[PDB]
Amino acid sequence: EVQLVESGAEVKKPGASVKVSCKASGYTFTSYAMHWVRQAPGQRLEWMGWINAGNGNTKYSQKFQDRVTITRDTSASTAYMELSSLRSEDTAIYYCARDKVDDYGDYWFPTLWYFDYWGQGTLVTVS
Amino acid sequence: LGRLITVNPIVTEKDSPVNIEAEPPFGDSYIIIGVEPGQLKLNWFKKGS
Amino acid sequence: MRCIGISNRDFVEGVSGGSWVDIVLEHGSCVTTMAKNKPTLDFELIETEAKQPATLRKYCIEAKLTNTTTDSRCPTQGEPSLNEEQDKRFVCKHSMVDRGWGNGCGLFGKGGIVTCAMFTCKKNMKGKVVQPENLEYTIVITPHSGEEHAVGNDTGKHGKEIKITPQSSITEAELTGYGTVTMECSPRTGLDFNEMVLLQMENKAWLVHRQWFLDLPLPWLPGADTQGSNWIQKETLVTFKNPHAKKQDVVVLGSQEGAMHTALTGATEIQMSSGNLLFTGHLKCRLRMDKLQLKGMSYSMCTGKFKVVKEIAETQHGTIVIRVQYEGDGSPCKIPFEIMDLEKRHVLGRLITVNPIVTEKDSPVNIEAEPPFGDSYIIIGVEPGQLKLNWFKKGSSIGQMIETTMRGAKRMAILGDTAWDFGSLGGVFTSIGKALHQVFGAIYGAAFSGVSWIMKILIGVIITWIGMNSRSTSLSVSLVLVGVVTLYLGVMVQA
Amino acid sequence: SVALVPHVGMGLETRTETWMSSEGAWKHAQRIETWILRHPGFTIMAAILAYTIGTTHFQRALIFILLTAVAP
Amino acid sequence: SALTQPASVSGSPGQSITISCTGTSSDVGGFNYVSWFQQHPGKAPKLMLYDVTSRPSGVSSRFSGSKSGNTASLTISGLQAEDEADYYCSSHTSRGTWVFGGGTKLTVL
Ligand SMILES: *[C@@H]1O[C@H](CO)[C@@H](O[C@@H]2O[C@H](CO)[C@@H](O)[C@H](O)[C@H]2NC(C)=O)[C@H](O)[C@H]1NC(C)=O
Ligand SMILES: *[C@@H]1O[C@H](CO)[C@@H](O)[C@H](O)[C@H]1NC(C)=O
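Protein chains in written order, with my numbering: chain A, 808 to 934; chain B, -14 to 34; chain C, 3 to 497; chain D, 59 to 130; chain E, 6 to 114.
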């Protein structure tokens, strides 16, 4: 019943910014975190992850702390991904990753499971 | 000696673990789970209490 | 059989009730069990091992200071500021110097100076801690019927090699020939972890108290700290030389390794190198002997012509070990062994290696027994080839009960309340002595703790004195349990 | 420094030998007797002060041993 | 700040394979937040394990894991042809970030 679709991109240019999105269905948006996971071709799955919630208070990455920010909206139930300052190694397959928020509204600790359901992946390329 | 808090623990869908919580006495006691073979007997010590 | 020769022998006998007995066993001591049947066994704890440690705090030992910089400021216009004071690598101190026109400022007063130098360690002491689970005791169970060269050797495979975890259970031990012994060991209440902190210096290791370890004055660091730069109380290994009212300097205080070796007078050394092996402490065992067989029945009795090859050889308090060689019969047979008096009338004196047996004839089988006090005549074999061997056990007396009293009081001195074991369901006596000893030792410890060798003797003499000159027959109260008992523990500590 | 707080009374004692027993057992007395032979005047003054206060005869020995003992 | 599971392992069908993963004392040495994933080459990585021994619904009881300090080991008992895919580990650090493993390529023939 839980399906997570995404929006792909064909090809980019270094020096631009890419904006991939994802629609969440089967469950509500206000009490669910939605992370972001890289997959470069034949490489380690890196962590873009953004700890979203119903309020929007979100932690950056560590390698990409001062390089990328995101947005969100509840009425469309879509968490965005505004990756700025694209480079040659930024081509990967980006996934949205469902996660569950504590019932007190805040997101202090994640649950015992992380990623029950996934997006299909958007293979972005640079040129 | 020692009350059981999770009353009537039930195994369903056999390949799925079931977590039981107990209430040991104020000293030394033992935890018995199985029956005829594999008699799972575990020790536990509780301070003061 | 691994137990002869060790000076802590500890015979325990009496398997009343069901078929169980309580025993407790240290690393330095072995235990020999006896019953009316169910042949004798030997129990030794050979190693304690904690598997997965977690470091909690890293004290430093030797360090060095570079980048020594200073800055002063004219009087009454505040105190200085330096750019590397912002880091917590640089240890800092503000102090007063006096300044004038020769220093080049003015106002002829007393200014303020600061000094930074970055504190970098070079020798770490990490103190690891373990939880009471995933630590694995190891106990060896060797039986009697001493086939040759199995007497006291630690090496060689002669006993069963079961291992105790608190994850474990009944702990079946199927040792060959005989039955199958089971041990309800209790390893959680053995050594009282969650206070043991296993600190590791350069190549040695110790087993210290936790609260002693945490308040230790040295520059420390948390256990989960990568990139160990942010040392915390760095001022306990530096000092600031402001000799006269002039410029101040920093110097490293020096290596604390020798002073830490003076800090550890009272901690049992352990071995943290390729495994966190311990060789101290004890554990309590519940020893069930439901299923044991003697191995000796359904063999014919022997035919005679034995021969002694190692002499009668009393070792360690009256438990003589003689080694005999046999020649000629159907070779699997028993041994006609007994201890008589002179006129062969009374079977006095007890056999310890019960039901001895000859197997694969051209090999010695050595025998252990306990003679009475004085003359006894050890007799091996039947009448055409008897060996009537005299032995005079060196004449003791009532005093064997006083040395048993000394091993009992010493056993209560090292082991506090666990020492009311070696007893199998005493009921109306053992449980009340254990409970009263818990409520007396619980107000003895943590109300008389922390003091040394000397202070226990001093407070013992004080309580003995103010009890001895008291009134209303409270002198027995202040003498028989707190005076001479604390004077007795004053001479047994620092073991 | 850590030459003090010597881990001496933390319970914890077993049958096996500690780190340095038979050196640490008597080093406190061999250090308190050297100091008296190098400082006799404080022993005499502590004897006078110990005899002055402490009326009864046991308090003379108690205050004297404590005064000559707390001073290293 | 990265996990070090090996490059590739293999085993015949019917045997049991073990996949290990070592990490720091901030994500695996102290915490139970260790999980596993099944990254098929034409599919998003599917959640095959919860907490170190636990397991999602739908995942068969063939998969089992353990942890022995800084090392978390995944054990597949009785391999089949439907295991020819990548296996990625995961850990939540004490800091607040997530780290993944390098990836093990599993073959049976
Ligand atoms: C303790 O047991 C070992 C193991 O049997 C004994 O070592 C044996 O010694 C005899 C002496 O002739 C050799 O023939 C064997 O080959 C040895 N066994 C080995 C090497 O496995 C050892 O002698 C015993 N200890 C004592 C003090 O006798
Ligand atoms: C300390 O001095 C050395 C030698 O000039 C220098 O290389 C180093 O950077 C200095 N340290 C700092 C923190 O500046």
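Note that the Cβ used here is the ideal one computed from N, Cα and C, for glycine as well.
Contact with chain B by residue i, beta-carbon distance below 7 Å
i, result
"E/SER66", "yes"
"C/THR466", "no"
"C/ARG75", "no"
"C/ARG212", "no"
Rounded Cβ spacing between residue i and residue j (contact assumed at less than 8 Å)
i, j, result
"C/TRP233", "C/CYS118", "With a Cβ gap of about 14 Å, C/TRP233 and C/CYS118 do not count as contacting."
"B/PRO10", "B/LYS26", "Not really, about 16 Å apart at Cβ, beyond 8 Å."
"C/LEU255", "C/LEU239", "5 Å"
"C/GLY260", "C/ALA56", "Not confirmed; about 28 Å, so no contact."
"C/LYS236", "C/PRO219", "Not quite, the Cβ-Cβ distance comes to about 12 Å (not below 8 Å), so this is no contact."
"E/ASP91", "E/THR109", "7 Å"
"E/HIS97", "E/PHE36", "7 Å"
"E/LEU84", "E/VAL113", "6 Å"
"C/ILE382", "C/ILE359", "Actually they do not touch by this definition, with Cβ atoms about 13 Å apart."
"C/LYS458", "C/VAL487", "Contact flag wrong, Cβ pair sits at about 10 Å."
"residue 800 of chain A", "A/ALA899", "Because chain A here runs from 808 to 934, residue 800 of chain A falls outside it and cannot be looked at."
"C/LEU209", "C/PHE121", "Contact doesn't hold; Cβ gap of about 29 Å is too wide."
Min CB distance residue i to chain E below 7 Å
i, result
"B/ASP13", "no"
"C/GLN169", "no"
"C/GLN54", "yes"
"A/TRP854", "yes"
"residue 777 of chain A", "Given a span of 808 to 934 for chain A in the structure shown, any question on residue 777 of chain A remains unanswerable."
"C/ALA226", "yes"
"A/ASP923", "yes"
Given residue i as reference, the closest of the options once Cα atoms are compared
i, options, result
"D/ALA61", "D/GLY99, D/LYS85 and D/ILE111", "D/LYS85"
"A/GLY926", "E/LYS48, E/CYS26, E/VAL33 and E/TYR38", "E/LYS48"
"A/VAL908", "A/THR918, A/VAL818 and A/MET888", "A/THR918"
"C/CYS304", "C/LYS363, C/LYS312 and C/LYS396", "C/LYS363"
"C/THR72", "C/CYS62, C/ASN85 and C/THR78", "C/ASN85"
"E/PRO50", "E/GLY74, E/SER30 and E/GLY106", "E/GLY106"
"C/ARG212", "C/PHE308, C/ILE143 and C/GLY129", "C/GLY129"
"C/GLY181", "C/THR140, C/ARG290 and C/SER171", "C/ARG290"
"residue 790 of chain A", "A/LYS826, A/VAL818 and A/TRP915", "No statement about residue 790 of chain A is possible, as the shown extent of chain A runs from 808 to 934 and does not include it."
"C/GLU271", "C/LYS293, C/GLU237, C/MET198 and C/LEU220", "C/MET198"
"C/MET414", "C/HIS439, C/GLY158, C/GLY429 and C/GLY485", "C/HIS439"
"C/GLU405", "C/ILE6, C/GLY7 and C/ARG11", "C/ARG11"
"A/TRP920", "E/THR29, E/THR9 and E/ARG60", "E/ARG60"
"C/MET127", "C/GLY268, C/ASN105 and C/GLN258", "C/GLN258"
"C/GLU51", "C/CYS32, C/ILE141, C/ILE115 and C/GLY20", "C/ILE141"
"C/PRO189", "C/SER171, C/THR178 and C/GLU204", "C/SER171"
"C/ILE25", "C/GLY443, C/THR70, C/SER426 and C/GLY447", "C/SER426"
"A/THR932", "A/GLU817, A/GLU808, A/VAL809 and A/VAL812", "A/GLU817"
"C/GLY154", "C/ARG325, C/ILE8, C/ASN244 and C/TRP422", "C/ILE8"
"E/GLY19", "E/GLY101, E/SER66, E/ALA86 and E/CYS26", "E/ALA86"
"C/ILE341", "C/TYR379, C/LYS312 and C/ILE369", "C/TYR379"
Cβ of residue i within 7 Å of any chain A Cβ
i, result
"E/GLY70", "no"
"E/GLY107", "yes"
C-beta neighbour in chain C for residue i, strict 7 Å
i, result
"D/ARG96", "no"
"B/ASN28", "yes"
"E/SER13", "no"
"E/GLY74", "yes"
"D/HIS65", "yes"
"D/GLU91", "no"
is_contact[residue i, chain D] using C-beta, thresh 7 Å
i, result
"C/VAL93", "no"
Any residue with its Cβ nearer than 5 Å to a heavy atom of ligand 1 should be included. What is that list in chain order? C/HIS151, C/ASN155 and C/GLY158
Entirely enclosed beta strand (DSSP E) segments - the segment 203 to 281 of chain C, minimum 3 residues: 240 to 243, 251 to 254 and 278 to 280
Please write down, chain order preserved, every residue whose beta carbon lies under 7 Å from a heavy atom of ligand 2. C/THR68, C/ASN69, C/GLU86 and C/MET120
Could you tell me which whole beta strand (DSSP E) segments of length 3 or greater appear in the segment 7 to 69 of chain C? 13 to 15, 22 to 28, 32 to 36 and 43 to 52
Residue ranges of each beta strand (DSSP E) within the segment 350 to 411 of chain C, 3 or longer: 367 to 372, 376 to 382 and 389 to 395
Alpha helix (DSSP H) runs wholly inside the segment 443 to 494 of chain C, at least 4 long, in chain order: 455 to 470, 477 to 482 and 486 to 492
Output the residue ranges of the beta strand (DSSP E) runs that lie fully inside the segment 33 to 68 of chain E and measure 3 residues or longer, sorted by chain position. 39 to 44 and 51 to 54
My parser needs the beta strand (DSSP E) runs of 3 or more residues fully inside the segment 92 to 165 of chain C; what are they? 92 to 101, 111 to 131 and 137 to 145
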